[PDB]
Amino acid sequence: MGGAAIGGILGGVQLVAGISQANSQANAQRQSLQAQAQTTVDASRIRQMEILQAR
Amino acid sequence: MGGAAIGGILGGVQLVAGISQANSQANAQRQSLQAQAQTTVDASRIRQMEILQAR
Amino acid sequence: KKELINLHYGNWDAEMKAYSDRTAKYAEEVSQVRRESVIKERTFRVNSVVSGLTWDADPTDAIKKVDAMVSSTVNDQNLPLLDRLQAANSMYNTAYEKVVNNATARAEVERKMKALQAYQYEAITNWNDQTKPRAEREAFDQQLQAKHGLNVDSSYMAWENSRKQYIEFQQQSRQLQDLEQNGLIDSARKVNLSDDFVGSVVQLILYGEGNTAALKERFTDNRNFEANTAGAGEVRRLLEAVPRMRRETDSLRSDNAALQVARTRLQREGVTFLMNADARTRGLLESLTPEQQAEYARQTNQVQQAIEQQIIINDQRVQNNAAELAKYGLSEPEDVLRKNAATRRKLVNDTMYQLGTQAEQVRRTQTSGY
Amino acid sequence: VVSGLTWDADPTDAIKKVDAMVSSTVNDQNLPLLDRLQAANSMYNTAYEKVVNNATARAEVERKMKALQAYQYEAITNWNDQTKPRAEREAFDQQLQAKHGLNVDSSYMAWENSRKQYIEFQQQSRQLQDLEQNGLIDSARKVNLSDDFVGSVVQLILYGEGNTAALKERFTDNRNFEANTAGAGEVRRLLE
Amino acid sequence: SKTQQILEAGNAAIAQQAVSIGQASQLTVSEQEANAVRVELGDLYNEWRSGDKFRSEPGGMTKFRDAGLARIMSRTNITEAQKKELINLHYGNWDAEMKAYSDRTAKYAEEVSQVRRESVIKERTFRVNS
Amino acid sequence: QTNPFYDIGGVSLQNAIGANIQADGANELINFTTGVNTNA
Amino acid sequence: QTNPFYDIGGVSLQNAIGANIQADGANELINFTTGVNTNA
Amino acid sequence: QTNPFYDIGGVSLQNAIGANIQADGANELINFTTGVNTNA
């Protein structure tokens, strides 16, 4: 507790929150691109399976 | 941290990047060559298996 | 009260000046240590190379290695022009002093130093022009270095990498066309995939890491006709338009904020707001008894309607810009785009590799039964 | 950042980083007006002092100080007005900051996040409509889930722990066939 | 002495011109001040050399050059030719230090090469002798 | 959280440095101040 | 990071040698200056 | 339960702070008094 430690940890948690918010935006776009690529690959695989069945 | 410590480590980062950036693409070329050789072998052995089954 | 608060604030400003001086000393020490480490590494390599020659050794390999090391030093982008020129001077002077007795090697070293002389003459003039942008000055400096042959060895590796990337992009475009032709990918999906290609390429060129100027020159060369329909024109247009339209969007946002502030002040205070409006709001607008003050309110109604209409037009234009930016995928903030370029290109390449693998499997299974 | 420049360095990147830091400081909601203004003044003073010998950098820093001075002149009148509510005062202060080009990066990031949120809202509404007629969800569960979704959106906009004012502006104010659907109109009515 | 900062176009051009590439280059108020700053530069070089600052300090050569440039450029009451002469003197001192470092590195490389060649020669000679 | 930062100024500067270190090991700090990517 | 390198010149040379070692154990450095491949 | 809180006033304040800590580690207290969410 104390008088200065509380202010120090409050400032530190504010700064960490901001930096982690930026990193969270970056990681969110990471996962969005991952999901888009996976969906495209899955759709292509389904198309290939349908083509093979028709063949 | 320090005055001449962090500067030294961040100069060393640039130096090590410069030194290893020549080896990085050499290793990448090695990996690509190995991958294409393995693909060639796999395709050839699949065709060989088909020929053996037909015969 | 005003003078006492001014004295206190000036005292605070002086102490912050002292604090800024201390931080300046710290940062200067850090940067100086980095630059000294780099220079000492390069100089030690040059010196140990040039000192390995025996009483009768051929210095051709040593001279070539010194030239390559000077190429690495001069082309190093983290060092200022003064440090690079001075390090090159030291290396060339050491090479001349050590191999002074060999006529041919001495002549070659003298020719290299004359090339460095001319490069210094032109680069000092080019670098210290404040009427020229930083990016274009850097491009001209690299152009001069290539002109005098200092950084040919260093630039060849990046040039080959850029050529490989361009060839890969063309192959990806042709592969996508073949993918539609085979029927694995619908027409709607190709629009998204081509937009992804263009967006990833533009992101690497603009917000990427490292000296990506080679790829920018590769794509800017509209004279080459190799797969011009693949999307090279789109990439060039995006490279030309993205920073300009981002600046335009920021300016439009500032103008919209100014219009909103003007409208709020006009509502709260009335026509009196026009009496002491600042210059910018007056320019944007350009582009008594209560009865007269009631006529002023009647005019204020129409003024507010005009301001709202202008806000609508500006917001619509900003929306159009943002929408067609996000169509490609470059609507993210600058930091987010900067951190998310190499992984995006790698994901695009991996997706197309999987698509090509599946297409190859389908084509291989296409065999006749006769 | 400012002091890392070499004898012959170009301060364009340093000035841009100073702009970003002043944008972050002025936009910060956890500091009072006096602290933000004083910190921004100290930052601009240091930047000007360290680039005095460059004409273009000096002119740029001087123009930015003029913009900050105009912002201070307007915000002194705005902030100390006791006849306005806190929300209106903060909104007008944000408009003042965006007017002078101070909080450019933060405002752009917030607007982009709100645009993504609105696009997700539209896509989720369309997904609900597709689900209802696809046979996966019956009418009663569909209307209950629509009510829950709209309530969640309204709760996020109102009581969310963040700068959600951009999404509120997007919903309440609209340009062309946006926020005019039944769901968005219901969201506007609930917000009001 | 203030820290390093951005110079004018003319002063920066003068500073970069003084780097002599090639082996083809070697009281009034202004004169008094030039003599004073020259004495200061000489004292700085003497302190750096005698105090073993070039080796003990991590940024030796760069810090010496930056300190010299800070002393030279902080005086705006000096003619251009005097500034060129002062920077030439400072760069000459820097080149002398670089030459000493070059001699030390050359001695190290010569020792390594001699050791390797001697090892090979002694192996072959011992084999033949035995 | 190191003595040179105390010499530069205050104890709250140590608090800021410790906050950056706890956040990302001063990766963003080093990148933004010096231009060097510690973890590329 | 060794006393002979400090004697040759500066502490910055020690930093450079440490960077070489951290990169490849001075393999490229020894190959470049001497022409002998430590790790063939 | 700390000496500064005793210095502010009483032992009862120490009991209150101990109750806060046992409840949520003074998360609600810090958020309500200061406006900072320790555990977001």
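Filtering C:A123, C:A105 for residues that are more than 9 Å from chain E (Cβ to nearest Cβ) and more than 20 Å from the chain's Cα centre (by Cα) leaves a single hit, C:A105.
Of all residues in the range C:344-362, at least one satisfies being buried (at least 16 other Cβ atoms within 10 Å of the Cβ), at the interface with chain A (Cβ under 10 Å from one of its Cβ atoms), farther than 13 Å from A:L33 by Cα and in contact with a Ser or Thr (Cβ under 6 Å, 6 or more places away or on another chain). Pairs meeting the criteria (first residue in the range H:18-40 and under 19 Å from A:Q14 (Cα atoms), second residue aliphatic (A, V, I, L, M) and not in a helix (DSSP H, G or I), beta carbons under 9 Å, at least 6 apart or on different chains) are H:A26/A:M1; H:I30/H:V36; H:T38/H:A26. Residues in the range C:215-229 that are surrounded by fewer than 21 Cβ atoms within 10 Å (Cβ to Cβ), part of a helix (DSSP H, G or I) and not β-branched (V, I, T): 4 in all. Scanning the range B:1-39 for residues that are more than 25 Å from E:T62 (Cβ to Cβ) and aliphatic (A, V, I, L, M) yields B:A22, B:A26, B:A28, B:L33, B:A35, B:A37.
Against the conditions (1) more than 14 Å from B:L15 (Cα to Cα); (2) more than 7 Å from chain C (Cβ to nearest Cβ), G:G10 satisfies every one except (2).
For the range D:164-192, which positions are more than 19 Å from C:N314 (Cα to Cα), surrounded by fewer than 17 Cβ atoms within 10 Å (Cβ to Cβ) and not charged (D, E, K, R)? Passing the criteria: D:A165, D:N180, D:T181, D:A182, D:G185, D:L190, D:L191.
Residue-wise test of (1) within 14 Å of chain C (Cβ to nearest Cβ); (2) over 30 Å from C:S48 (Cβ atoms); (3) aliphatic (A, V, I, L, M); (4) loosely packed, with under 12 Cβ neighbours inside 10 Å.
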{"site": "E:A24", "(1), (2), (3), (4)": "yes, no, yes, yes"}
{"site": "E:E31", "(1), (2), (3), (4)": "no, yes, no, no"}
{"site": "E:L41", "(1), (2), (3), (4)": "no, yes, yes, no"}
{"site": "E:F64", "(1), (2), (3), (4)": "yes, no, no, no"}
{"site": "E:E80", "(1), (2), (3), (4)": "no, yes, no, yes"}
{"site": "E:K99", "(1), (2), (3), (4)": "yes, no, no, no"}
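The residue list C:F140, C:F197, C:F169 contains one member that is under 30 Å from D:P11 (Cβ atoms) and either outside any helix (DSSP H, G or I) or aromatic (F, W, Y) (or both), which is C:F140.
Look at (1) part of a helix (DSSP H, G or I); (2) within 14 Å of chain F (Cβ to nearest Cβ) and you find that A:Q31 fails only one, number (2). Exactly one residue out of E:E80, E:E8, E:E47 is farther than 26 Å from C:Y96 by Cβ and under 20 Å from the mean Cα position of the chain (by Cα): that is E:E47. Scanning the range C:226-271 for residues that are more than 13 Å from chain D (Cβ to nearest Cβ) and among the hydroxyl-bearing types (S, T, Y) gives a single hit, C:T229. The single residue among D:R36, D:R63 that is under 28 Å from A:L15 (Cα atoms) and part of a helix (DSSP H, G or I) turns out to be D:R36. On inspection, C:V50 fails the criterion of being under 27 Å from the mean Cα position of the chain (by Cα), aliphatic (A, V, I, L, M), buried (at least 22 other Cβ atoms within 10 Å of the Cβ) and within 27 Å of B:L15 (Cβ to Cβ). Scanning the range F:21-40 for residues that are more than 7 Å from every other protein chain (Cβ to nearest Cβ) and within 13 Å of the chain's Cα centre (by Cα) yields F:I21, F:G25, F:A26, F:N27, F:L29, F:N31. For the range E:51-89, how many residues are more than 30 Å from B:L10 (Cα to Cα), among the hydroxyl-bearing types (S, T, Y) and part of a helix (DSSP H, G or I)? Total meeting the criteria: 0.
On inspection, C:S72 qualifies as surrounded by fewer than 21 Cβ atoms within 10 Å (Cβ to Cβ), part of a helix (DSSP H, G or I), of a type in the set (S, T, Y) and within 8 Å of another protein chain (Cβ to nearest Cβ). Here D:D10 clears all of (1) out of contact with any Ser or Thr (no Cβ under 7 Å at 6 or more places or on another chain); (2) crowded, with 17+ Cβ neighbours inside 10 Å; (3) in a helix (DSSP H, G or I) except the condition numbered (3).
Read-outs throughout are calculated quantities, based only on the coordinates presented, and are distinct from any laboratory measurement. Neighbour counts run over all protein chains shown; Cβ positions are idealised from the backbone, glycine included.
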